$ cat protein13.json   # JSON, C-alpha atoms and all ligand atoms
[["chain", "number", "residue", "atom", "x", "y", "z"],
["A", 101, "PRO", "CA", 41.44, -38.55, -73.18],
["A", 102, "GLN", "CA", 39.05, -35.61, -73.21],
["A", 103, "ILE", "CA", 39.24, -33.65, -76.46],
["A", 104, "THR", "CA", 37.82, -30.15, -76.68],
["A", 105, "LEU", "CA", 36.71, -28.72, -79.98],
["A", 106, "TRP", "CA", 38.38, -25.32, -80.17],
["A", 107, "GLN", "CA", 40.65, -26.87, -82.77],
["A", 108, "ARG", "CA", 39.98, -29.72, -85.20],
["A", 109, "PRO", "CA", 40.07, -33.05, -83.37],
["A", 110, "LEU", "CA", 43.00, -34.43, -85.33],
["A", 111, "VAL", "CA", 44.66, -37.54, -84.01],
["A", 112, "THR", "CA", 47.31, -39.98, -85.13],
["A", 113, "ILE", "CA", 46.12, -43.32, -86.46],
["A", 114, "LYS", "CA", 48.13, -46.35, -87.49],
["A", 115, "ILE", "CA", 47.05, -48.52, -90.40],
["A", 116, "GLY", "CA", 49.11, -51.01, -92.39],
["A", 117, "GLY", "CA", 52.10, -50.14, -90.20],
["A", 118, "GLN", "CA", 51.99, -46.46, -91.17],
["A", 119, "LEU", "CA", 51.07, -43.38, -89.16],
["A", 120, "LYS", "CA", 48.55, -40.92, -90.57],
["A", 121, "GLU", "CA", 46.58, -37.93, -89.26],
["A", 122, "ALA", "CA", 42.81, -38.28, -89.11],
["A", 123, "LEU", "CA", 39.80, -36.31, -87.94],
["A", 124, "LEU", "CA", 37.45, -37.68, -85.28],
["A", 125, "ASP", "CA", 34.09, -37.04, -86.90],
["A", 126, "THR", "CA", 30.86, -37.81, -85.04],
["A", 127, "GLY", "CA", 28.94, -36.63, -88.11],
["A", 128, "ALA", "CA", 30.31, -39.49, -90.20],
["A", 129, "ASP", "CA", 28.68, -42.92, -90.22],
["A", 130, "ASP", "CA", 31.76, -44.43, -91.84],
["A", 131, "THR", "CA", 35.54, -44.06, -91.81],
["A", 132, "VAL", "CA", 37.00, -42.78, -95.05],
["A", 133, "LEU", "CA", 40.69, -42.49, -95.81],
["A", 134, "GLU", "CA", 42.63, -40.88, -98.63],
["A", 135, "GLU", "CA", 44.02, -43.15, -101.34],
["A", 136, "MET", "CA", 46.22, -45.90, -99.93],
["A", 137, "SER", "CA", 46.86, -49.62, -100.37],
["A", 138, "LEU", "CA", 45.03, -52.21, -98.28],
["A", 139, "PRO", "CA", 45.00, -56.00, -98.47],
["A", 140, "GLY", "CA", 42.31, -58.34, -99.71],
["A", 141, "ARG", "CA", 39.19, -57.78, -101.77],
["A", 142, "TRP", "CA", 37.08, -54.64, -101.75],
["A", 143, "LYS", "CA", 33.41, -53.94, -102.42],
["A", 144, "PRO", "CA", 31.79, -50.84, -103.89],
["A", 145, "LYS", "CA", 30.14, -48.15, -101.81],
["A", 146, "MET", "CA", 28.62, -44.81, -102.64],
["A", 147, "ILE", "CA", 28.78, -42.33, -99.78],
["A", 148, "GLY", "CA", 27.17, -38.92, -99.47],
["A", 149, "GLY", "CA", 28.77, -35.81, -98.02],
["A", 150, "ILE", "CA", 27.94, -32.13, -97.94],
["A", 151, "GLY", "CA", 29.04, -31.72, -101.56],
["A", 152, "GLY", "CA", 27.34, -34.79, -103.01],
["A", 153, "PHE", "CA", 28.18, -38.43, -103.57],
["A", 154, "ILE", "CA", 31.45, -40.25, -104.21],
["A", 155, "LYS", "CA", 32.39, -43.84, -104.96],
["A", 156, "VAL", "CA", 34.83, -45.46, -102.55],
["A", 157, "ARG", "CA", 36.44, -48.86, -102.03],
["A", 158, "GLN", "CA", 35.17, -50.73, -98.98],
["A", 159, "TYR", "CA", 37.64, -52.92, -97.09],
["A", 160, "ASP", "CA", 36.39, -54.97, -94.14],
["A", 161, "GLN", "CA", 38.02, -56.19, -90.94],
["A", 162, "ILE", "CA", 41.04, -53.91, -91.19],
["A", 163, "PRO", "CA", 43.19, -53.37, -88.10],
["A", 164, "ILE", "CA", 43.57, -49.70, -87.24],
["A", 165, "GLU", "CA", 44.93, -47.95, -84.15],
["A", 166, "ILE", "CA", 43.30, -44.64, -83.22],
["A", 167, "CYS", "CA", 45.11, -42.50, -80.63],
["A", 168, "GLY", "CA", 46.70, -45.74, -79.41],
["A", 169, "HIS", "CA", 43.36, -47.52, -79.14],
["A", 170, "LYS", "CA", 43.00, -50.75, -81.13],
["A", 171, "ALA", "CA", 40.11, -51.22, -83.54],
["A", 172, "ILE", "CA", 39.38, -53.64, -86.39],
["A", 173, "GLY", "CA", 36.69, -52.69, -88.86],
["A", 174, "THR", "CA", 35.51, -51.28, -92.14],
["A", 175, "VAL", "CA", 37.68, -48.70, -93.86],
["A", 176, "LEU", "CA", 36.56, -46.87, -97.01],
["A", 177, "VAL", "CA", 39.20, -45.52, -99.38],
["A", 178, "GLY", "CA", 38.54, -42.71, -101.84],
["A", 179, "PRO", "CA", 38.81, -39.04, -102.74],
["A", 180, "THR", "CA", 38.01, -37.51, -99.38],
["A", 181, "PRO", "CA", 39.25, -34.03, -98.40],
["A", 182, "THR", "CA", 40.75, -35.42, -95.19],
["A", 183, "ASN", "CA", 41.06, -38.75, -93.41],
["A", 184, "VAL", "CA", 37.91, -39.15, -91.33],
["A", 185, "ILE", "CA", 37.27, -41.54, -88.46],
["A", 186, "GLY", "CA", 33.54, -42.18, -88.32],
["A", 187, "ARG", "CA", 31.18, -43.72, -85.81],
["A", 188, "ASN", "CA", 31.89, -47.30, -86.89],
["A", 189, "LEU", "CA", 35.34, -46.99, -85.28],
["A", 190, "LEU", "CA", 34.58, -44.29, -82.70],
["A", 191, "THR", "CA", 32.27, -46.84, -81.05],
["A", 192, "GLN", "CA", 35.03, -49.46, -81.03],
["A", 193, "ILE", "CA", 37.32, -47.16, -79.03],
["A", 194, "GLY", "CA", 34.59, -46.17, -76.57],
["A", 195, "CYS", "CA", 34.08, -42.58, -77.71],
["A", 196, "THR", "CA", 31.14, -40.51, -76.51],
["A", 197, "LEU", "CA", 30.09, -36.87, -76.67],
["A", 198, "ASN", "CA", 29.70, -35.10, -73.34],
["A", 199, "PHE", "CA", 28.45, -31.69, -72.29],
["B", 1, "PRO", "CA", 24.44, -35.45, -71.11],
["B", 2, "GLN", "CA", 26.58, -38.30, -72.36],
["B", 3, "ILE", "CA", 25.67, -39.02, -75.96],
["B", 4, "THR", "CA", 26.36, -42.50, -77.33],
["B", 5, "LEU", "CA", 27.70, -42.88, -80.88],
["B", 6, "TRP", "CA", 25.90, -46.12, -81.65],
["B", 7, "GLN", "CA", 23.42, -43.92, -83.53],
["B", 8, "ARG", "CA", 23.77, -40.54, -85.24],
["B", 9, "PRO", "CA", 23.96, -37.91, -82.50],
["B", 10, "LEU", "CA", 20.85, -35.92, -83.39],
["B", 11, "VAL", "CA", 19.51, -33.17, -81.15],
["B", 12, "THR", "CA", 16.79, -30.55, -81.22],
["B", 13, "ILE", "CA", 17.90, -26.98, -81.81],
["B", 14, "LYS", "CA", 15.97, -23.75, -81.53],
["B", 15, "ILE", "CA", 16.94, -21.08, -84.02],
["B", 16, "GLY", "CA", 15.16, -18.11, -85.58],
["B", 17, "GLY", "CA", 12.03, -19.10, -83.66],
["B", 18, "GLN", "CA", 12.06, -22.53, -85.28],
["B", 19, "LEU", "CA", 12.66, -26.02, -83.87],
["B", 20, "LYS", "CA", 14.87, -28.25, -86.00],
["B", 21, "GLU", "CA", 16.81, -31.50, -85.72],
["B", 22, "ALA", "CA", 20.56, -31.35, -86.28],
["B", 23, "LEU", "CA", 23.61, -33.60, -86.13],
["B", 24, "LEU", "CA", 26.39, -32.92, -83.58],
["B", 25, "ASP", "CA", 29.43, -33.00, -85.85],
["B", 26, "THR", "CA", 32.95, -32.82, -84.40],
["B", 27, "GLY", "CA", 34.31, -33.09, -87.96],
["B", 28, "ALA", "CA", 32.59, -29.86, -89.01],
["B", 29, "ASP", "CA", 34.32, -26.49, -88.67],
["B", 30, "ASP", "CA", 31.03, -24.70, -89.25],
["B", 31, "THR", "CA", 27.34, -25.03, -88.44],
["B", 32, "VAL", "CA", 25.30, -25.51, -91.60],
["B", 33, "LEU", "CA", 21.51, -25.65, -91.86],
["B", 34, "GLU", "CA", 19.05, -26.29, -94.68],
["B", 35, "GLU", "CA", 17.38, -23.29, -96.28],
["B", 36, "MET", "CA", 15.71, -20.97, -93.79],
["B", 37, "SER", "CA", 15.34, -17.27, -93.14],
["B", 38, "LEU", "CA", 17.60, -15.51, -90.63],
["B", 39, "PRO", "CA", 17.70, -11.80, -89.74],
["B", 40, "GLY", "CA", 20.59, -9.41, -90.35],
["B", 41, "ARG", "CA", 23.57, -9.17, -92.68],
["B", 42, "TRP", "CA", 25.03, -12.11, -94.56],
["B", 43, "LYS", "CA", 27.82, -12.84, -97.02],
["B", 44, "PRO", "CA", 28.35, -15.74, -99.43],
["B", 45, "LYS", "CA", 30.70, -18.62, -98.61],
["B", 46, "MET", "CA", 31.79, -21.84, -100.25],
["B", 47, "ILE", "CA", 32.19, -24.83, -97.98],
["B", 48, "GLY", "CA", 33.68, -28.17, -98.85],
["B", 49, "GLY", "CA", 33.12, -31.71, -97.69],
["B", 50, "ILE", "CA", 33.00, -35.16, -99.19],
["B", 51, "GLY", "CA", 31.72, -34.75, -102.75],
["B", 52, "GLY", "CA", 32.93, -31.17, -103.15],
["B", 53, "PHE", "CA", 31.63, -27.70, -102.36],
["B", 54, "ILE", "CA", 28.31, -25.92, -101.88],
["B", 55, "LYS", "CA", 27.49, -22.22, -101.73],
["B", 56, "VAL", "CA", 25.94, -20.98, -98.49],
["B", 57, "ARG", "CA", 24.93, -17.72, -96.83],
["B", 58, "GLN", "CA", 26.95, -16.84, -93.75],
["B", 59, "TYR", "CA", 25.07, -15.16, -90.89],
["B", 60, "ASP", "CA", 27.02, -14.02, -87.86],
["B", 61, "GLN", "CA", 26.02, -13.54, -84.21],
["B", 62, "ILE", "CA", 22.93, -15.76, -84.39],
["B", 63, "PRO", "CA", 21.40, -16.97, -81.11],
["B", 64, "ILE", "CA", 20.79, -20.69, -80.93],
["B", 65, "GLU", "CA", 19.74, -23.17, -78.27],
["B", 66, "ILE", "CA", 21.19, -26.67, -78.51],
["B", 67, "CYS", "CA", 19.79, -29.44, -76.35],
["B", 68, "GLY", "CA", 18.82, -26.76, -73.82],
["B", 69, "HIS", "CA", 22.09, -24.83, -73.91],
["B", 70, "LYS", "CA", 22.16, -21.24, -75.20],
["B", 71, "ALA", "CA", 24.94, -20.04, -77.47],
["B", 72, "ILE", "CA", 25.61, -17.49, -80.17],
["B", 73, "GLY", "CA", 27.65, -17.86, -83.32],
["B", 74, "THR", "CA", 27.91, -18.07, -87.08],
["B", 75, "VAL", "CA", 25.29, -20.13, -88.93],
["B", 76, "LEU", "CA", 25.65, -21.08, -92.58],
["B", 77, "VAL", "CA", 22.48, -21.64, -94.57],
["B", 78, "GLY", "CA", 22.20, -23.45, -97.91],
["B", 79, "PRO", "CA", 21.60, -26.70, -99.74],
["B", 80, "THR", "CA", 23.20, -29.04, -97.21],
["B", 81, "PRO", "CA", 21.84, -32.59, -97.29],
["B", 82, "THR", "CA", 21.49, -32.43, -93.51],
["B", 83, "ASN", "CA", 21.55, -29.98, -90.61],
["B", 84, "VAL", "CA", 24.97, -30.01, -88.93],
["B", 85, "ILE", "CA", 26.10, -28.40, -85.66],
["B", 86, "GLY", "CA", 29.82, -27.72, -86.04],
["B", 87, "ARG", "CA", 32.65, -26.98, -83.65],
["B", 88, "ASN", "CA", 31.98, -23.23, -83.59],
["B", 89, "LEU", "CA", 28.86, -23.92, -81.53],
["B", 90, "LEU", "CA", 29.84, -27.22, -79.91],
["B", 91, "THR", "CA", 32.59, -25.40, -77.99],
["B", 92, "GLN", "CA", 30.08, -22.94, -76.59],
["B", 93, "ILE", "CA", 27.93, -25.61, -74.97],
["B", 94, "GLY", "CA", 31.04, -27.28, -73.55],
["B", 95, "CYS", "CA", 30.86, -30.36, -75.75],
["B", 96, "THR", "CA", 33.87, -32.72, -75.63],
["B", 97, "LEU", "CA", 34.87, -36.07, -77.11],
["B", 98, "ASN", "CA", 35.79, -38.65, -74.48],
["B", 99, "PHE", "CA", 37.35, -42.11, -74.58],
["C", 201, "LIG", "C1", 37.87, -29.91, -94.42],
["C", 201, "LIG", "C2", 37.48, -28.57, -94.40],
["C", 201, "LIG", "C3", 36.44, -28.15, -93.58],
["C", 201, "LIG", "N1", 35.16, -28.75, -94.03],
["C", 201, "LIG", "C4", 34.16, -29.01, -93.09],
["C", 201, "LIG", "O1", 34.39, -28.71, -91.91],
["C", 201, "LIG", "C5", 32.96, -29.64, -93.49],
["C", 201, "LIG", "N2", 32.71, -30.87, -92.70],
["C", 201, "LIG", "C6", 32.29, -32.08, -93.28],
["C", 201, "LIG", "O2", 31.99, -32.10, -94.47],
["C", 201, "LIG", "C7", 32.43, -33.26, -92.52],
["C", 201, "LIG", "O3", 32.63, -32.90, -91.15],
["C", 201, "LIG", "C8", 31.19, -34.17, -92.62],
["C", 201, "LIG", "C9", 29.92, -33.45, -92.16],
["C", 201, "LIG", "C10", 28.84, -34.47, -91.77],
["C", 201, "LIG", "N3", 28.31, -35.22, -92.93],
["C", 201, "LIG", "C11", 26.83, -35.24, -92.83],
["C", 201, "LIG", "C12", 26.23, -35.79, -93.96],
["C", 201, "LIG", "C13", 25.32, -36.83, -93.83],
["C", 201, "LIG", "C14", 24.64, -37.32, -94.95],
["C", 201, "LIG", "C15", 24.89, -36.78, -96.20],
["C", 201, "LIG", "BR1", 23.95, -37.41, -97.74],
["C", 201, "LIG", "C16", 25.76, -35.70, -96.32],
["C", 201, "LIG", "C17", 26.39, -35.17, -95.20],
["C", 201, "LIG", "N4", 28.73, -36.39, -92.89],
["C", 201, "LIG", "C18", 29.45, -36.85, -93.93],
["C", 201, "LIG", "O4", 29.75, -36.17, -94.91],
["C", 201, "LIG", "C19", 29.55, -38.39, -93.97],
["C", 201, "LIG", "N5", 28.37, -38.97, -94.62],
["C", 201, "LIG", "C20", 27.49, -39.71, -93.92],
["C", 201, "LIG", "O5", 27.78, -40.08, -92.77],
["C", 201, "LIG", "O6", 26.44, -40.30, -94.58],
["C", 201, "LIG", "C21", 25.40, -40.62, -93.65],
["C", 201, "LIG", "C22", 30.83, -38.90, -94.65],
["C", 201, "LIG", "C23", 30.72, -38.73, -96.17],
["C", 201, "LIG", "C24", 32.04, -38.12, -94.14],
["C", 201, "LIG", "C25", 31.00, -40.38, -94.32],
["C", 201, "LIG", "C26", 33.65, -34.08, -93.01],
["C", 201, "LIG", "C27", 34.72, -33.25, -93.32],
["C", 201, "LIG", "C28", 35.55, -32.78, -92.31],
["C", 201, "LIG", "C29", 36.62, -31.95, -92.63],
["C", 201, "LIG", "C30", 36.87, -31.61, -93.95],
["C", 201, "LIG", "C31", 36.05, -32.10, -94.96],
["C", 201, "LIG", "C32", 35.01, -32.97, -94.65],
["C", 201, "LIG", "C33", 31.78, -28.67, -93.39],
["C", 201, "LIG", "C34", 31.46, -28.37, -91.92],
["C", 201, "LIG", "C35", 32.15, -27.36, -94.10],
["C", 201, "LIG", "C36", 30.54, -29.27, -94.06],
["C", 202, "CL", "CL", 33.13, -51.47, -88.88],
["C", 203, "CL", "CL", 31.12, -18.58, -84.61],
["C", 204, "CL", "CL", 36.52, -25.55, -72.71]]

$ encode --input "protein13.json" --output "structure tokens"
Amino acid sequence: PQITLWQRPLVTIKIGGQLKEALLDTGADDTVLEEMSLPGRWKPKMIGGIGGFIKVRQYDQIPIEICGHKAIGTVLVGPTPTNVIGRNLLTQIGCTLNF
Amino acid sequence: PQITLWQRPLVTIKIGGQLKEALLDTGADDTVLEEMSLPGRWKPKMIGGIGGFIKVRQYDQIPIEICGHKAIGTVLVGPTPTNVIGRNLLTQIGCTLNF
């Protein structure tokens, strides 16, 4: 699809069998989701946003569908203001910016 | 242009007679730049991201050129860790997400 930016680019994602709403965010290196349960072991990561730094849980190799497009990659879980899909997964689904 | 998301999508902007590098950020409602002088009225704003909020000055009706494309809009100025071009200006240069 082609998504214009007059509104927030919110899409439906599916992760762990559940649907959620997430923001397609070309300014984000990483994908960060609000608190949820994921399988397996996690590693620590400190990520920086416009307000400062937060600690998150890093899960690797997680299947996630984004607008119907299948991806499998690193998902960070922590106290983010919104679910954000970053470039690590935007590249998996073949996203570019065009103007 | 078509801009890949393998790397951060950084572009050159011209604003207030200055050249600066900024990140094209579909996740950002607003355009926010590191401290600089701009002419005209402003009012204070709090803006929130990962890690919480920062206080910025909001300037309206500011001319900007982004990757060669002229636009005008609101520019927020304050202690952002990095220069971000948000949707308010991305729309004006006809920037879309595509996959
Ligand atoms: C939600 C209300 C509106 N709120 C914004 O609309 C705000 N938008 C945002 O905060 C975001 O779009 C992110 C802006 C881009 N940011 C640049 C950045 C780069 C380095 C450092 Br150190 C600090 C900042 N990237 C990040 O934070 C990411 N870090 C990063 O990749 O490390 C390299 C991450 C933490 C999301 C992974 C995300 C966002 C979107 C919507 C809401 C909240 C957050 C606003 C426009 C007001 C700044
Ligand atoms: Cl990944
Ligand atoms: Cl504007
Ligand atoms: Cl349009």

$ residues_around --input "protein13.json" --residues "region 172-186 of chain A" --least-positions-apart "3" --cutoff "9 Å" --atoms "all atoms listed in the file" --output "ChimeraX atom specification"
/A:120-138,145,154-166,189-192 /B:27,48-52

$ calpha_fit_rmsd --input "protein13.json" --fixed "chain A" --moving "chain B"
0.5 Å

$ closest_residue --input "protein13.json" --among "B:93, B:98, B:10, B:19" --to "ligand CL 204 (chain C)" --atoms "only C-alpha atoms and all ligand atoms"
B:93

$ atom_distance --input "protein13.json" --atom1 "CA of residue 187 (chain A)" --atom2 "atom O5 of ligand LIG 201 (chain C)"
8.6 Å

$ axis_aligned_box --input "protein13.json" --around "region 134-144 of chain A" --padding-each-side "8 Å" --output "AutoDock Vina command-line options"
--center_x 39.3 --center_y -49.6 --center_z -101.1 --size_x 31.1 --size_y 33.5 --size_z 21.6

$ closest_residue --input "protein13.json" --among "A:153, A:171, A:144, A:117" --to "chain B" --atoms "only C-alpha atoms"
A:153
